[PDB]
Amino acid sequence: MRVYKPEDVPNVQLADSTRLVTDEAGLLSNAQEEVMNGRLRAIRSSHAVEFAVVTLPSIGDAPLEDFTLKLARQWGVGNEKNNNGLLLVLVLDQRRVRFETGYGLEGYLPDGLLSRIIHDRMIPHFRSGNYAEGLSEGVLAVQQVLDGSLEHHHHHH
C-alpha cells in the first residue's frame with residue numbers, strides 16, 4: 001500500500017501522447033497495455049480525443065473525483081474543461097475507478113454515462129478480481145460510444 005497523489009503519477013500526456021496508458025498499481029501487463037495503447041491511440045486519431053488511463057496502488061484518504069480532476073488539469077487534458085479529453089484513474093486500495101471529461105466530450109460522454117460504464121463492465125470484473133478485464137472493457141465501452149457516434153475522423157477546433 002503506497003499512497004499516490006496527482007504529482008506522484010508520471011505525466012504521460014507531457015511526453016507519451018501516443019501511449020496514454022499509465023500502470024503504477026502493477027495490475028496491467030505489457031500485452032494488456034499495448035492492446036490498450038492501440039485503442040487509446042485509435043481514439044487519439046479517429047475522434048482526436050485525448051483519453052488517458054492510469055492505475056494506482058493506493059491514494060489513501062484522497063478524494064477520488066477531485067483526484068482525477070487535479071491530475072487531468074496539470075496534464076492539460078482536463079485543464080479547466082479541455083475540449084476532446086478524458087482521464088481514467090483506477091485505485092487498487094479502493095477497488096474503484098473514476099472518469100474525468102473536459103467540455104468537448106459533453107456531447108458524447110456525460111459523467112453519468114461514464115459512471116454507469118463502471119457498473120456495467122468494471123464492477124462485475126472487480127468482483128471476480130479481474131482488474132485488467134474491468135479496465136480494458138471500461139475503456140472499450142467508452143471507445144465504442146464514440147466509435148458508434150463519430151462515423152468519420154472528427155476534429156473540434
# chains A, B, ... in the order shown; residues from 1 in each chain; ligands from 1
call {"tool": "residues_around", "arguments": {"residues": "residue 144 in chain A", "least_positions_apart": "6", "cutoff": "12 Å", "atoms": "only C-alpha atoms", "output": "count of residues only"}}
result
13
call {"tool": "select_by_dssp", "arguments": {"residues": "chain A", "states": "strand (DSSP E or B)", "output": "ChimeraX atom specification"}}
result
/A:3,21-23,50-56,58,85-91,96-101
call {"tool": "closest_residue", "arguments": {"among": "A:88, A:145, A:20, A:69", "to": "residue 50 in chain A", "atoms": "only C-alpha atoms"}}
result
A:20
call {"tool": "closest_residue", "arguments": {"among": "A:45, A:141, A:106, A:22", "to": "residue 120 in chain A", "atoms": "only C-alpha atoms"}}
result
A:141
call {"tool": "atom_distance", "arguments": {"atom1": "CA of residue 94 in chain A", "atom2": "CA of residue 14 in chain A"}}
result
26.9 Å
call {"tool": "residues_around", "arguments": {"residues": "residue 68 in chain A", "least_positions_apart": "2", "cutoff": "9 Å", "atoms": "only C-alpha atoms", "output": "list in words"}}
result
residues 6, 63, 64, 65, 66, 70, 71, 72, 73, 78, 87, 88, 89, 98, 99 and 100 of chain A
call {"tool": "write_last_selection", "arguments": {"atoms": "N, CA, C and O atoms", "output": "short mmCIF file (atom, residue, chain, number, x, y, z; two decimals), in the first residue's frame"}}
result
data_model
loop_
_atom_site.label_atom_id
_atom_site.label_comp_id
_atom_site.auth_asym_id
_atom_site.auth_seq_id
_atom_site.Cartn_x
_atom_site.Cartn_y
_atom_site.Cartn_z
N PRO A 6 -1.64 13.42 -7.28
CA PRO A 6 -1.54 13.86 -8.69
C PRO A 6 -0.10 13.97 -9.22
O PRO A 6 0.21 13.43 -10.28
N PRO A 63 -9.67 12.28 -2.09
CA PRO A 63 -10.96 12.19 -2.79
C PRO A 63 -10.80 11.75 -4.26
O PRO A 63 -10.12 12.41 -5.04
N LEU A 64 -11.44 10.64 -4.62
CA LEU A 64 -11.27 10.04 -5.96
C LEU A 64 -11.66 11.01 -7.10
O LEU A 64 -10.89 11.20 -8.04
N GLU A 65 -12.86 11.60 -7.02
CA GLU A 65 -13.33 12.51 -8.07
C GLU A 65 -12.43 13.75 -8.20
O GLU A 65 -12.00 14.11 -9.30
N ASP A 66 -12.12 14.38 -7.07
CA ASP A 66 -11.22 15.54 -7.06
C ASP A 66 -9.81 15.16 -7.55
O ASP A 66 -9.16 15.94 -8.25
N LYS A 70 -7.62 17.02 -10.58
CA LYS A 70 -6.29 17.59 -10.31
C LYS A 70 -5.23 17.03 -11.27
O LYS A 70 -4.39 17.78 -11.79
N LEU A 71 -5.27 15.72 -11.51
CA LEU A 71 -4.32 15.07 -12.41
C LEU A 71 -4.55 15.50 -13.88
O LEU A 71 -3.61 15.81 -14.61
N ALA A 72 -5.82 15.55 -14.28
CA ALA A 72 -6.18 15.95 -15.65
C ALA A 72 -5.81 17.41 -15.95
O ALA A 72 -5.34 17.73 -17.05
N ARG A 73 -6.03 18.30 -14.98
CA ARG A 73 -5.75 19.73 -15.16
C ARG A 73 -4.26 20.01 -15.41
O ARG A 73 -3.90 20.74 -16.33
N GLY A 78 -7.50 17.95 -18.90
CA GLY A 78 -8.67 18.45 -18.17
C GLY A 78 -8.46 19.85 -17.60
O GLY A 78 -9.13 20.25 -16.65
N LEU A 87 -9.91 11.56 -18.76
CA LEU A 87 -8.98 10.84 -17.88
C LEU A 87 -9.69 9.68 -17.16
O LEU A 87 -10.86 9.78 -16.80
N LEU A 88 -8.96 8.59 -16.96
CA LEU A 88 -9.46 7.44 -16.20
C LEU A 88 -8.43 7.01 -15.15
O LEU A 88 -7.28 6.76 -15.47
N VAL A 89 -8.85 6.93 -13.88
CA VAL A 89 -7.94 6.52 -12.80
C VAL A 89 -8.52 5.36 -11.98
O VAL A 89 -9.64 5.44 -11.47
N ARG A 98 -12.54 6.18 -11.79
CA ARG A 98 -13.25 7.45 -12.00
C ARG A 98 -12.80 8.13 -13.30
O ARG A 98 -11.60 8.27 -13.56
N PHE A 99 -13.77 8.55 -14.11
CA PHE A 99 -13.50 9.24 -15.38
C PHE A 99 -13.59 10.77 -15.22
O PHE A 99 -14.31 11.26 -14.36
N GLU A 100 -12.88 11.52 -16.06
CA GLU A 100 -12.92 12.99 -16.00
C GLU A 100 -13.00 13.59 -17.42
O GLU A 100 -12.05 13.47 -18.20
#
call {"tool": "residues_around", "arguments": {"residues": "range 24-37 of chain A", "least_positions_apart": "5", "cutoff": "7 Å", "atoms": "only C-alpha atoms", "output": "MDAnalysis selection string"}}
result
chainID A and resid 19 55:57 92 131:132 136
call {"tool": "write_last_selection", "arguments": {"atoms": "N, CA, C and O atoms", "output": "PDB file, in the first residue's frame"}}
result
ATOM      1  N   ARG A  19       0.854   6.875 -26.292  1.00  0.00           N
ATOM      2  CA  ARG A  19       0.616   5.718 -25.413  1.00  0.00           C
ATOM      3  C   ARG A  19      -0.655   5.923 -24.567  1.00  0.00           C
ATOM      4  O   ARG A  19      -1.580   5.116 -24.609  1.00  0.00           O
ATOM      5  N   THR A  55      -3.449   3.655 -13.483  1.00  0.00           N
ATOM      6  CA  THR A  55      -3.701   2.710 -12.383  1.00  0.00           C
ATOM      7  C   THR A  55      -2.757   2.995 -11.209  1.00  0.00           C
ATOM      8  O   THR A  55      -1.546   3.113 -11.390  1.00  0.00           O
ATOM      9  N   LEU A  56      -3.307   3.101 -10.003  1.00  0.00           N
ATOM     10  CA  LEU A  56      -2.504   3.404  -8.810  1.00  0.00           C
ATOM     11  C   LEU A  56      -2.716   2.358  -7.703  1.00  0.00           C
ATOM     12  O   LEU A  56      -3.830   1.861  -7.510  1.00  0.00           O
ATOM     13  N   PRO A  57      -1.643   2.005  -6.958  1.00  0.00           N
ATOM     14  CA  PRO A  57      -1.735   1.056  -5.834  1.00  0.00           C
ATOM     15  C   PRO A  57      -2.660   1.566  -4.719  1.00  0.00           C
ATOM     16  O   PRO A  57      -3.542   0.849  -4.243  1.00  0.00           O
ATOM     17  N   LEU A  92      -6.404   0.808  -6.518  1.00  0.00           N
ATOM     18  CA  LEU A  92      -6.429  -0.573  -6.015  1.00  0.00           C
ATOM     19  C   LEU A  92      -6.970  -0.679  -4.575  1.00  0.00           C
ATOM     20  O   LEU A  92      -7.785  -1.558  -4.280  1.00  0.00           O
ATOM     21  N   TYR A 131      -9.066  -7.057 -12.518  1.00  0.00           N
ATOM     22  CA  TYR A 131      -8.799  -5.617 -12.662  1.00  0.00           C
ATOM     23  C   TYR A 131      -8.464  -5.249 -14.118  1.00  0.00           C
ATOM     24  O   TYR A 131      -8.922  -4.229 -14.630  1.00  0.00           O
ATOM     25  N   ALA A 132      -7.673  -6.092 -14.779  1.00  0.00           N
ATOM     26  CA  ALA A 132      -7.285  -5.861 -16.176  1.00  0.00           C
ATOM     27  C   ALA A 132      -8.493  -5.936 -17.123  1.00  0.00           C
ATOM     28  O   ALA A 132      -8.652  -5.103 -18.018  1.00  0.00           O
ATOM     29  N   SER A 136      -9.919  -2.802 -19.272  1.00  0.00           N
ATOM     30  CA  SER A 136      -9.938  -2.977 -20.733  1.00  0.00           C
ATOM     31  C   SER A 136     -11.341  -2.761 -21.318  1.00  0.00           C
ATOM     32  O   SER A 136     -11.511  -1.994 -22.268  1.00  0.00           O
TER      33      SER A 136
END
call {"tool": "select_by_dssp", "arguments": {"residues": "chain A", "states": "alpha helix (DSSP H)", "output": "PyMOL selection string"}}
result
chain A and resi 30-46+64-75+111-117+123-128+131-149
call {"tool": "atom_distance", "arguments": {"atom1": "CA of residue 85 in chain A", "atom2": "CA of residue 103 in chain A"}}
result
7.8 Å
call {"tool": "closest_residue", "arguments": {"among": "A:119, A:113, A:152, A:91", "to": "residue 61 in chain A", "atoms": "only C-alpha atoms"}}
result
A:91
call {"tool": "closest_residue", "arguments": {"among": "A:82, A:21, A:95, A:147", "to": "residue 123 in chain A", "atoms": "only C-alpha atoms"}}
result
A:95
call {"tool": "closest_residue", "arguments": {"among": "A:128, A:52, A:74, A:58", "to": "residue 143 in chain A", "atoms": "only C-alpha atoms"}}
result
A:52
call {"tool": "atom_distance", "arguments": {"atom1": "CA of residue 139 in chain A", "atom2": "CA of residue 7 in chain A"}}
result
23.3 Å
call {"tool": "decode", "arguments": {"residues": "range 3-153 of chain A", "atoms": "C-alpha atoms", "output": "PDB file, in the first residue's frame"}}
result
ATOM      1  CA  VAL A   3      -0.149   6.434  -1.233  1.00  0.00           C
ATOM      2  CA  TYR A   4      -0.163   8.346  -4.560  1.00  0.00           C
ATOM      3  CA  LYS A   5      -1.095  11.966  -5.308  1.00  0.00           C
ATOM      4  CA  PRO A   6      -1.545  13.864  -8.687  1.00  0.00           C
ATOM      5  CA  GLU A   7       2.183  14.807  -8.915  1.00  0.00           C
ATOM      6  CA  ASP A   8       3.156  11.243  -7.888  1.00  0.00           C
ATOM      7  CA  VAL A   9       1.746   9.984 -11.212  1.00  0.00           C
ATOM      8  CA  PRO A  10       4.161  10.217 -14.230  1.00  0.00           C
ATOM      9  CA  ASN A  11       2.859  12.984 -16.557  1.00  0.00           C
ATOM     10  CA  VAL A  12       2.499  10.731 -19.630  1.00  0.00           C
ATOM     11  CA  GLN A  13       0.446  13.336 -21.562  1.00  0.00           C
ATOM     12  CA  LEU A  14       3.511  15.617 -21.212  1.00  0.00           C
ATOM     13  CA  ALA A  15       5.598  13.219 -23.365  1.00  0.00           C
ATOM     14  CA  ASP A  16       3.762   9.912 -24.042  1.00  0.00           C
ATOM     15  CA  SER A  17       0.910  11.313 -26.211  1.00  0.00           C
ATOM     16  CA  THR A  18       0.779   8.150 -28.379  1.00  0.00           C
ATOM     17  CA  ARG A  19       0.616   5.718 -25.413  1.00  0.00           C
ATOM     18  CA  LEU A  20      -1.828   7.419 -22.959  1.00  0.00           C
ATOM     19  CA  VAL A  21      -1.676   4.311 -20.689  1.00  0.00           C
ATOM     20  CA  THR A  22      -0.118   4.533 -17.188  1.00  0.00           C
ATOM     21  CA  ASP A  23       0.263   1.479 -14.904  1.00  0.00           C
ATOM     22  CA  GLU A  24       1.598   2.244 -11.399  1.00  0.00           C
ATOM     23  CA  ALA A  25      -0.641  -0.210  -9.487  1.00  0.00           C
ATOM     24  CA  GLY A  26       1.144  -3.127 -11.190  1.00  0.00           C
ATOM     25  CA  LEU A  27      -2.180  -4.681 -12.213  1.00  0.00           C
ATOM     26  CA  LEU A  28      -1.787  -4.411 -16.003  1.00  0.00           C
ATOM     27  CA  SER A  29       0.901  -6.026 -18.207  1.00  0.00           C
ATOM     28  CA  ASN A  30       2.824  -5.159 -21.420  1.00  0.00           C
ATOM     29  CA  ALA A  31       0.352  -7.108 -23.618  1.00  0.00           C
ATOM     30  CA  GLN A  32      -2.762  -5.589 -21.967  1.00  0.00           C
ATOM     31  CA  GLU A  33      -1.141  -2.126 -22.014  1.00  0.00           C
ATOM     32  CA  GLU A  34      -0.080  -2.335 -25.692  1.00  0.00           C
ATOM     33  CA  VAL A  35      -3.553  -3.534 -26.772  1.00  0.00           C
ATOM     34  CA  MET A  36      -4.992  -0.627 -24.742  1.00  0.00           C
ATOM     35  CA  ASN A  37      -2.411   1.717 -26.369  1.00  0.00           C
ATOM     36  CA  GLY A  38      -3.829   0.800 -29.781  1.00  0.00           C
ATOM     37  CA  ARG A  39      -7.348   1.565 -28.504  1.00  0.00           C
ATOM     38  CA  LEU A  40      -6.474   4.968 -26.954  1.00  0.00           C
ATOM     39  CA  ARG A  41      -4.220   5.858 -29.920  1.00  0.00           C
ATOM     40  CA  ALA A  42      -7.073   4.919 -32.305  1.00  0.00           C
ATOM     41  CA  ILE A  43      -9.354   7.348 -30.419  1.00  0.00           C
ATOM     42  CA  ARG A  44      -6.496   9.905 -30.280  1.00  0.00           C
ATOM     43  CA  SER A  45      -6.515   9.834 -34.106  1.00  0.00           C
ATOM     44  CA  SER A  46     -10.068   8.901 -35.235  1.00  0.00           C
ATOM     45  CA  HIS A  47     -12.017  11.009 -32.707  1.00  0.00           C
ATOM     46  CA  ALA A  48      -8.962  13.175 -31.845  1.00  0.00           C
ATOM     47  CA  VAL A  49      -9.814  12.545 -28.162  1.00  0.00           C
ATOM     48  CA  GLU A  50      -7.061  12.600 -25.520  1.00  0.00           C
ATOM     49  CA  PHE A  51      -8.081   9.528 -23.451  1.00  0.00           C
ATOM     50  CA  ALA A  52      -5.544   8.628 -20.722  1.00  0.00           C
ATOM     51  CA  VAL A  53      -5.775   5.544 -18.458  1.00  0.00           C
ATOM     52  CA  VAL A  54      -3.986   5.440 -15.067  1.00  0.00           C
ATOM     53  CA  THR A  55      -3.701   2.710 -12.383  1.00  0.00           C
ATOM     54  CA  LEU A  56      -2.504   3.404  -8.810  1.00  0.00           C
ATOM     55  CA  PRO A  57      -1.735   1.056  -5.834  1.00  0.00           C
ATOM     56  CA  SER A  58      -3.262   3.423  -3.249  1.00  0.00           C
ATOM     57  CA  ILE A  59      -4.474   7.036  -2.867  1.00  0.00           C
ATOM     58  CA  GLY A  60      -5.028   6.677   0.887  1.00  0.00           C
ATOM     59  CA  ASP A  61      -7.616   9.235   2.040  1.00  0.00           C
ATOM     60  CA  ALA A  62      -7.563  11.414  -1.116  1.00  0.00           C
ATOM     61  CA  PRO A  63     -10.961  12.191  -2.790  1.00  0.00           C
ATOM     62  CA  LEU A  64     -11.274  10.042  -5.956  1.00  0.00           C
ATOM     63  CA  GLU A  65     -13.331  12.510  -8.070  1.00  0.00           C
ATOM     64  CA  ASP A  66     -11.215  15.538  -7.055  1.00  0.00           C
ATOM     65  CA  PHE A  67      -8.040  13.458  -7.617  1.00  0.00           C
ATOM     66  CA  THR A  68      -8.858  12.775 -11.304  1.00  0.00           C
ATOM     67  CA  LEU A  69      -9.595  16.478 -11.928  1.00  0.00           C
ATOM     68  CA  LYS A  70      -6.293  17.587 -10.309  1.00  0.00           C
ATOM     69  CA  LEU A  71      -4.317  15.071 -12.414  1.00  0.00           C
ATOM     70  CA  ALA A  72      -6.182  15.948 -15.648  1.00  0.00           C
ATOM     71  CA  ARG A  73      -5.750  19.731 -15.163  1.00  0.00           C
ATOM     72  CA  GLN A  74      -1.930  19.623 -14.756  1.00  0.00           C
ATOM     73  CA  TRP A  75      -1.670  17.252 -17.767  1.00  0.00           C
ATOM     74  CA  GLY A  76      -3.800  19.698 -19.799  1.00  0.00           C
ATOM     75  CA  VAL A  77      -6.331  17.010 -20.841  1.00  0.00           C
ATOM     76  CA  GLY A  78      -8.665  18.448 -18.167  1.00  0.00           C
ATOM     77  CA  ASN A  79      -7.208  21.962 -17.711  1.00  0.00           C
ATOM     78  CA  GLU A  80     -10.419  23.895 -16.921  1.00  0.00           C
ATOM     79  CA  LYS A  81     -12.592  21.697 -19.158  1.00  0.00           C
ATOM     80  CA  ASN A  82     -10.439  20.716 -22.170  1.00  0.00           C
ATOM     81  CA  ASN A  83     -12.303  20.020 -25.461  1.00  0.00           C
ATOM     82  CA  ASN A  84     -11.711  16.375 -26.597  1.00  0.00           C
ATOM     83  CA  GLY A  85     -10.118  14.993 -23.424  1.00  0.00           C
ATOM     84  CA  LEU A  86     -10.903  12.247 -20.882  1.00  0.00           C
ATOM     85  CA  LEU A  87      -8.984  10.843 -17.881  1.00  0.00           C
ATOM     86  CA  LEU A  88      -9.463   7.441 -16.195  1.00  0.00           C
ATOM     87  CA  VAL A  89      -7.941   6.520 -12.801  1.00  0.00           C
ATOM     88  CA  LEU A  90      -8.093   3.130 -11.017  1.00  0.00           C
ATOM     89  CA  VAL A  91      -7.337   2.929  -7.279  1.00  0.00           C
ATOM     90  CA  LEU A  92      -6.429  -0.573  -6.015  1.00  0.00           C
ATOM     91  CA  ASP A  93      -6.954   0.136  -2.266  1.00  0.00           C
ATOM     92  CA  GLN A  94     -10.446   1.467  -3.120  1.00  0.00           C
ATOM     93  CA  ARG A  95     -11.186  -1.011  -5.973  1.00  0.00           C
ATOM     94  CA  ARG A  96     -12.847   1.949  -7.747  1.00  0.00           C
ATOM     95  CA  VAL A  97     -12.292   3.877 -10.985  1.00  0.00           C
ATOM     96  CA  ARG A  98     -13.248   7.445 -11.997  1.00  0.00           C
ATOM     97  CA  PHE A  99     -13.502   9.245 -15.382  1.00  0.00           C
ATOM     98  CA  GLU A 100     -12.919  12.993 -15.999  1.00  0.00           C
ATOM     99  CA  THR A 101     -14.300  14.857 -19.074  1.00  0.00           C
ATOM    100  CA  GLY A 102     -13.411  18.404 -20.069  1.00  0.00           C
ATOM    101  CA  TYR A 103     -16.019  20.044 -22.312  1.00  0.00           C
ATOM    102  CA  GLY A 104     -15.590  18.689 -25.854  1.00  0.00           C
ATOM    103  CA  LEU A 105     -16.976  15.276 -24.854  1.00  0.00           C
ATOM    104  CA  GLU A 106     -20.130  16.630 -23.132  1.00  0.00           C
ATOM    105  CA  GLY A 107     -21.933  15.976 -26.428  1.00  0.00           C
ATOM    106  CA  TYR A 108     -20.784  12.322 -26.363  1.00  0.00           C
ATOM    107  CA  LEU A 109     -19.735  11.028 -22.906  1.00  0.00           C
ATOM    108  CA  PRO A 110     -21.724  12.543 -19.956  1.00  0.00           C
ATOM    109  CA  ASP A 111     -20.378  11.942 -16.405  1.00  0.00           C
ATOM    110  CA  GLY A 112     -23.431   9.784 -15.613  1.00  0.00           C
ATOM    111  CA  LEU A 113     -22.748   7.534 -18.634  1.00  0.00           C
ATOM    112  CA  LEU A 114     -19.096   7.177 -17.578  1.00  0.00           C
ATOM    113  CA  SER A 115     -20.318   6.363 -14.038  1.00  0.00           C
ATOM    114  CA  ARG A 116     -22.648   3.679 -15.455  1.00  0.00           C
ATOM    115  CA  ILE A 117     -19.813   2.129 -17.529  1.00  0.00           C
ATOM    116  CA  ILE A 118     -18.107   1.479 -14.171  1.00  0.00           C
ATOM    117  CA  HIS A 119     -21.117  -0.599 -13.023  1.00  0.00           C
ATOM    118  CA  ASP A 120     -21.663  -2.212 -16.458  1.00  0.00           C
ATOM    119  CA  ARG A 121     -18.115  -3.567 -17.098  1.00  0.00           C
ATOM    120  CA  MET A 122     -15.673  -2.565 -14.306  1.00  0.00           C
ATOM    121  CA  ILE A 123     -17.639  -3.786 -11.226  1.00  0.00           C
ATOM    122  CA  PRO A 124     -18.530  -7.375 -12.487  1.00  0.00           C
ATOM    123  CA  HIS A 125     -14.805  -7.950 -13.159  1.00  0.00           C
ATOM    124  CA  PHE A 126     -13.506  -6.279  -9.959  1.00  0.00           C
ATOM    125  CA  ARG A 127     -15.867  -8.624  -8.058  1.00  0.00           C
ATOM    126  CA  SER A 128     -14.141 -11.619  -9.731  1.00  0.00           C
ATOM    127  CA  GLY A 129     -10.716  -9.996  -9.196  1.00  0.00           C
ATOM    128  CA  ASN A 130     -10.306  -9.140 -12.899  1.00  0.00           C
ATOM    129  CA  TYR A 131      -8.799  -5.617 -12.662  1.00  0.00           C
ATOM    130  CA  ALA A 132      -7.285  -5.861 -16.176  1.00  0.00           C
ATOM    131  CA  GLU A 133     -10.564  -7.101 -17.715  1.00  0.00           C
ATOM    132  CA  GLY A 134     -12.527  -4.357 -15.925  1.00  0.00           C
ATOM    133  CA  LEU A 135     -10.189  -1.598 -17.166  1.00  0.00           C
ATOM    134  CA  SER A 136      -9.938  -2.977 -20.733  1.00  0.00           C
ATOM    135  CA  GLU A 137     -13.722  -3.287 -21.231  1.00  0.00           C
ATOM    136  CA  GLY A 138     -14.328   0.024 -19.411  1.00  0.00           C
ATOM    137  CA  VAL A 139     -12.039   1.703 -21.970  1.00  0.00           C
ATOM    138  CA  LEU A 140     -13.585  -0.290 -24.854  1.00  0.00           C
ATOM    139  CA  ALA A 141     -17.072   0.780 -23.694  1.00  0.00           C
ATOM    140  CA  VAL A 142     -16.107   4.480 -23.814  1.00  0.00           C
ATOM    141  CA  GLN A 143     -14.352   3.837 -27.148  1.00  0.00           C
ATOM    142  CA  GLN A 144     -17.454   2.215 -28.709  1.00  0.00           C
ATOM    143  CA  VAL A 145     -19.677   5.134 -27.574  1.00  0.00           C
ATOM    144  CA  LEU A 146     -17.515   7.495 -29.672  1.00  0.00           C
ATOM    145  CA  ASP A 147     -16.812   4.902 -32.407  1.00  0.00           C
ATOM    146  CA  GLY A 148     -20.571   4.428 -32.940  1.00  0.00           C
ATOM    147  CA  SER A 149     -21.357   8.188 -32.952  1.00  0.00           C
ATOM    148  CA  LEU A 150     -18.447   9.719 -34.928  1.00  0.00           C
ATOM    149  CA  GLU A 151     -18.522   7.650 -38.141  1.00  0.00           C
ATOM    150  CA  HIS A 152     -15.789   9.919 -39.598  1.00  0.00           C
ATOM    151  CA  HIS A 153     -12.483  11.389 -38.290  1.00  0.00           C
TER     152      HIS A 153
END
